[PDB]
Every structure is written in structure tokens, then in C-alpha cells.
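Single-structure report; data block below.
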Amino acid sequence: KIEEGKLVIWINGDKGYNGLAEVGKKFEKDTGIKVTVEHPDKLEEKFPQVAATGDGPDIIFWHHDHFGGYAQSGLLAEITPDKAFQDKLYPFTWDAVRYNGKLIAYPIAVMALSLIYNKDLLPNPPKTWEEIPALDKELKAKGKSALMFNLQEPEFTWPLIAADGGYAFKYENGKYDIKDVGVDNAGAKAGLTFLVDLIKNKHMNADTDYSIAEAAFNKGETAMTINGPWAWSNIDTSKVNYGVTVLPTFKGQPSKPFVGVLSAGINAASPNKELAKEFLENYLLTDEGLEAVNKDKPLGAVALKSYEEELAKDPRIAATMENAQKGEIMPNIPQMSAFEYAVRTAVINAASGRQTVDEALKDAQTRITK
Ligand SMILES: [Cu+2]
């Protein structure tokens, strides 16, 4: 019970649904087809309900992690870019939109955490995790701290923990292995330890949450923090002089951030697959298209090479991409819930004393692979 003759698009209201609308006006002028951009409440939960009955929008915008499940249900259509088109985007973004060996979405935006710092308290940021401890002691002498970041959730703590070799699920030939998890190997143990030790020595507090960390860094009390593109505006208003850069290395290896990709999938029920493909590939994924959305509401870093080289003139953005090329693509499978649940607890119990690192990671590991 879907259109045929137009295009309805569901995008979250905190995104540039206006420039998306603008790009629509050009499509309409060139094709004569009208585009509609809507923002239903809690759309991530409605698409699944409505698409299961052959209804909903022709295109849905969202993080790629939810896309694996959608495909396990045959809700999306297998896109069809050719060799040439595929060479317009970064090789690693296509892996983020794969399933059982096949492509199912178009990478739009690329997100990943970064290290943020107060240029007035820290003229040059640390290239290593190993040196932070000594840096905090040097600042505490003046009534400041070195680092403060959300410690409640895996998104913020996984980068360190996995640098040495840990991981979510083994992957190599286009298929994941839900029985082979790496949160309990040597590397993952090495990283959690380093983190726990930071708290034990009072360089960090275990109850620090997103709000405290942001309030602290924006009042100008802490030299650094870790966060994404979505938090820059608050800082802009606070009157702090900040900078964004590459995350420190661990035991000589890069921090390994989870990589998130805003994607556009075609409803498998949609009678407008061609139009949708023409719109996404030749209107939205162009330097003019991505700019239109980025104006209304900034996107951060993108997957389109040509335009990424232009946005990358803002160090804040160049850093994001570099951190993404070193990170681990977020697995697009429903089992990632088991992972977030288990790891969030492991880190909390390990930071509270309730469990030692070796015990905490043994439980989660077994939990997930269960
Ligand atoms: Cu989600």
C-alpha cells in the first residue's frame, strides 16, 4: 500500500530534514516527482511495524547497526551500484552496509568519537594513553583535571579496551561468527586494566556521566574530554577554546572506536526502487546534495570521497574520519544488544570494585557467546 509516483522520506527531526527537503525540490524540478520529508515520533520503531505490512516510506535514514536486523527480515532491497559508483566511496563503508555477502544500504554520514581539548590548558594533546596519568598530576596542582568523559556506556570506553586486539564478533569472509567473541582475550584485558587503574589512582571518577563531563569541560575545568560532532555547539556557546584530534594509541596501537554510519535503505515493498536509487546516487550523494543537508543541520564526516576532501578542511572533521578508519565497524546484528548489556555491566562492576577485570570480562564473554 505504498505510493508509486512520488517519494516519502523518514528522517529524525534532529537532522537536516530541510536541506533534505531542498534536495527534494531539485529532484522535483528535474523529474517532476514530488518528495515528502516527514519526522514521525520515534521512527526507528515505526518503520519495523509499518514496513512489515508492505507500508511506510520509500527511504529510511538511520544508523546502520539496526539495518542488519531489518535485512534478516527482508525489509530492505539489495541495492545495485556498479564497480565505478562503488569507487566513489571509501571501501570500508560498504562493509558497514553488507549482509550475507550483499549490499543493502547507502552510506551517508560517518561518526566516531574523538579527543577534545582546551587549547588554553593544553597547547598540545597527548599521542599516547600511557602519558595521561602524569599529565593529570601536573594539572591538579592548579585546580584543574586532565580528562573527564562519560564512563557509564560502552560507546565511550570500548576504544581503549580493544586497541590491543579485542573485538565484538570474528569476521572475515562476509559472515560474522556469533560464537566467536573477543572481549575476553589478552588485548581486551590489557585495555580494561589500564582504565580501571586510572580510576583507582583518582585520575578519574566512576560516576562521571555525560552531563557532568560536558558541564565540567564547558565551564573550563577539565583539559580534555571525549565526544562526537553532536556536542560541538554547546562548546561554541560556552566560550572555551577547543580542538579535536586523533585518539591516543595503546601499547603502540591505535584506539579502536566503534564506527557508525548514517544510512539510507530502500523499502523492499517500495514500488519506487529506481527513483529512490536515482535520488540517492545522483542527487543526495553529490557535493551539492551533502552540502544542502549539512547546512540546515551539520552532518559531521561523510563517505563520499570528493566531498569528504572538502569538509576535511575543518580539523574537527578530518580527525573524525581518521579515527573511523582505525576503528571497528559496529556489527549490524541483533546480538550487539547482548554485547552492550554485558560490557556496560562489566565496566561498571570493574570500576566499582565489585569485580576484577579478569572476572568481569569472563562473565560478559560467556554472556554474549551464550
Ligand atoms: Cu540504536
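Residue numbers start at 1 in each chain; chains themselves are named A, B, ... in the order of the C-alpha cells; ligands are numbered from 1 in the order shown.
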
**Q.** DSSP alpha helix (DSSP H) residues within segment 166-286 of chain A, as a count of residues only
**A.** 38

So that each row is one residue of chain A with an atom at most 7 Å from ligand 1, can you give its shortest atom pair and the distance in Å to one decimal, using only C-alpha atoms and all ligand atoms, rows by chain and rising number, as CSV?
```
residue,atom,partner,partner_atom_place_in_ligand_line,distance
A:63,CA,ligand 1,1 (Cu),6.8
A:65,CA,ligand 1,1 (Cu),6.9
A:66,CA,ligand 1,1 (Cu),6.4
```

Please produce a file of those selected residues containing C-alpha atoms, as an mmCIF file, in the first residue's frame.
```
data_model
loop_
_atom_site.group_PDB
_atom_site.id
_atom_site.type_symbol
_atom_site.label_atom_id
_atom_site.label_comp_id
_atom_site.auth_asym_id
_atom_site.auth_seq_id
_atom_site.Cartn_x
_atom_site.Cartn_y
_atom_site.Cartn_z
ATOM 1 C CA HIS A 63 22.369 4.223 11.925
ATOM 2 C CA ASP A 65 23.552 -1.190 13.132
ATOM 3 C CA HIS A 66 19.726 -1.534 13.032
#
```

Q.
Ranking A:200, A:251, A:277, A:29 by minimum distance to residue 130 of chain A and counting only C-alpha atoms, which one comes first?
A. A:251

Write out as a compact mmCIF listing (two decimals) with N, CA, C and O atoms, in the first residue's frame the residues lying within 12 Å of residue 44 of chain A, counting only C-alpha atoms and excluding same-chain residues fewer than 4 positions away.
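result_36.txt written:
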```
# COMPACT_ATOMS: atom_id res chain seq x y z
N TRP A 10 11.56 9.28 5.72
CA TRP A 10 11.51 9.42 7.17
C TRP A 10 12.92 9.63 7.69
O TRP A 10 13.82 8.81 7.48
N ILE A 11 13.11 10.76 8.37
CA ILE A 11 14.40 11.10 8.91
C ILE A 11 14.15 11.67 10.29
O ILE A 11 13.08 12.22 10.56
N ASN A 12 15.13 11.52 11.18
CA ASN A 12 14.97 12.03 12.54
C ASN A 12 14.94 13.55 12.53
O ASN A 12 15.63 14.20 11.74
N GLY A 13 14.11 14.12 13.41
CA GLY A 13 13.97 15.56 13.49
C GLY A 13 15.17 16.38 13.94
O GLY A 13 15.13 17.61 13.88
N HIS A 39 8.93 13.48 9.84
CA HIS A 39 9.69 13.13 11.05
C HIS A 39 8.78 12.52 12.12
O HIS A 39 8.64 13.07 13.21
N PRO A 40 8.17 11.36 11.85
CA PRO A 40 7.30 10.80 12.89
C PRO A 40 8.01 10.59 14.21
O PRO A 40 9.23 10.44 14.25
N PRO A 48 9.78 -0.59 11.36
CA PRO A 48 9.63 -2.04 11.50
C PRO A 48 8.17 -2.49 11.53
O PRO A 48 7.82 -3.51 10.94
N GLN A 49 7.33 -1.73 12.22
CA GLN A 49 5.91 -2.06 12.31
C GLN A 49 5.21 -1.88 10.97
O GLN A 49 4.55 -2.79 10.47
N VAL A 50 5.36 -0.70 10.39
CA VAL A 50 4.73 -0.36 9.12
C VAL A 50 5.28 -1.08 7.89
O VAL A 50 4.52 -1.45 6.99
N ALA A 51 6.59 -1.31 7.84
CA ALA A 51 7.19 -1.98 6.69
C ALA A 51 6.87 -3.48 6.68
O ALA A 51 6.90 -4.11 5.63
N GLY A 56 4.69 2.19 4.77
CA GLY A 56 5.77 3.03 5.26
C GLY A 56 6.37 3.92 4.19
O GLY A 56 5.74 4.16 3.17
N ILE A 60 14.42 5.23 4.27
CA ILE A 60 14.55 5.42 5.71
C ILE A 60 16.00 5.78 6.02
O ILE A 60 16.93 5.18 5.47
N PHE A 61 16.19 6.77 6.87
CA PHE A 61 17.52 7.22 7.26
C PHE A 61 17.75 6.78 8.68
O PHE A 61 16.88 6.98 9.54
N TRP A 62 18.93 6.20 8.94
CA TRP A 62 19.26 5.75 10.29
C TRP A 62 20.65 5.09 10.38
O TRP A 62 21.31 4.82 9.36
N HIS A 63 21.09 4.86 11.62
CA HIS A 63 22.37 4.22 11.92
C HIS A 63 22.31 2.83 11.30
O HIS A 63 21.26 2.19 11.34
N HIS A 64 23.42 2.36 10.73
CA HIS A 64 23.50 1.06 10.05
C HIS A 64 23.36 -0.19 10.94
O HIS A 64 23.02 -1.27 10.44
N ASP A 65 23.63 -0.05 12.23
CA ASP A 65 23.55 -1.19 13.13
C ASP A 65 22.16 -1.84 13.13
O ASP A 65 22.06 -3.07 13.17
N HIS A 66 21.11 -1.03 13.07
CA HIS A 66 19.73 -1.53 13.03
C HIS A 66 19.40 -2.18 11.68
O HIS A 66 18.40 -2.88 11.53
N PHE A 67 20.24 -1.92 10.68
CA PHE A 67 19.99 -2.43 9.35
C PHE A 67 20.18 -3.93 9.12
O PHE A 67 19.56 -4.51 8.22
N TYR A 70 16.92 -5.52 10.05
CA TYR A 70 15.91 -5.22 9.04
C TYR A 70 16.03 -6.22 7.90
O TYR A 70 15.02 -6.71 7.37
```

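Shortest atom-to-atom contact with residue 132 of chain A among A:248, A:101, A:32, A:54: A:248, counting only C-alpha atoms.
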
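Neighbours of residue 286 of chain A closer than or equal to 12 Å, with only C-alpha atoms counted and sequence neighbours fewer than 2 positions away skipped, come out as residues 23, 85, 88, 89, 108, 278, 279, 280, 281, 282, 283, 284, 288, 289, 290, 291, 292, 293, 302, 303, 304, 305, 306, 307 and 308 of chain A.
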
**Q.** Exercise: segment 333-344 of chain A partners within 7 Å, only C-alpha atoms, chain neighbours under 5 positions left out, as a PyMOL selection string
**A.** chain A and resi 65+68-69+152-154+364+367-368

**Q.** Spatial neighbours of residue 104 of chain A, max dist 8 Å, only C-alpha atoms, sep filter under 6 positions, as a ChimeraX atom specification
**A.** /A:71,76-79,97-98,265

Please write the residues from the selection above to a file, keeping N, CA and C atoms, as a PDB file, in the first residue's frame.
```pdb
ATOM      1  N   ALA A  71      17.277  -6.521   7.517  1.00  0.00           N
ATOM      2  CA  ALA A  71      17.562  -7.447   6.424  1.00  0.00           C
ATOM      3  C   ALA A  71      17.295  -8.893   6.806  1.00  0.00           C
ATOM      4  N   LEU A  76      14.477  -4.647   3.515  1.00  0.00           N
ATOM      5  CA  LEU A  76      15.228  -3.771   2.633  1.00  0.00           C
ATOM      6  C   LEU A  76      15.439  -4.404   1.273  1.00  0.00           C
ATOM      7  N   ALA A  77      15.848  -3.593   0.298  1.00  0.00           N
ATOM      8  CA  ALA A  77      16.112  -4.082  -1.044  1.00  0.00           C
ATOM      9  C   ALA A  77      17.621  -4.108  -1.285  1.00  0.00           C
ATOM     10  N   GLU A  78      18.095  -5.114  -2.012  1.00  0.00           N
ATOM     11  CA  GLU A  78      19.518  -5.212  -2.302  1.00  0.00           C
ATOM     12  C   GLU A  78      19.861  -4.150  -3.336  1.00  0.00           C
ATOM     13  N   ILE A  79      20.573  -3.114  -2.910  1.00  0.00           N
ATOM     14  CA  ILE A  79      20.935  -2.044  -3.818  1.00  0.00           C
ATOM     15  C   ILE A  79      21.839  -2.577  -4.930  1.00  0.00           C
ATOM     16  N   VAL A  97      27.435  -1.755   5.261  1.00  0.00           N
ATOM     17  CA  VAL A  97      26.110  -1.954   4.693  1.00  0.00           C
ATOM     18  C   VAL A  97      26.006  -3.271   3.941  1.00  0.00           C
ATOM     19  N   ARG A  98      26.641  -4.305   4.484  1.00  0.00           N
ATOM     20  CA  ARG A  98      26.624  -5.631   3.874  1.00  0.00           C
ATOM     21  C   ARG A  98      25.822  -6.620   4.701  1.00  0.00           C
ATOM     22  N   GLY A 265      18.237   3.248   3.407  1.00  0.00           N
ATOM     23  CA  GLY A 265      17.827   1.982   2.837  1.00  0.00           C
ATOM     24  C   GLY A 265      16.533   2.128   2.048  1.00  0.00           C
TER      25      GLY A 265
END
```

Q) Using only C-alpha atoms, which of the listed residues (A:147, A:345, A:158, A:294) sits closest to residue 131 of chain A? A)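 So, comparing all the options, the nearest one is A:147.
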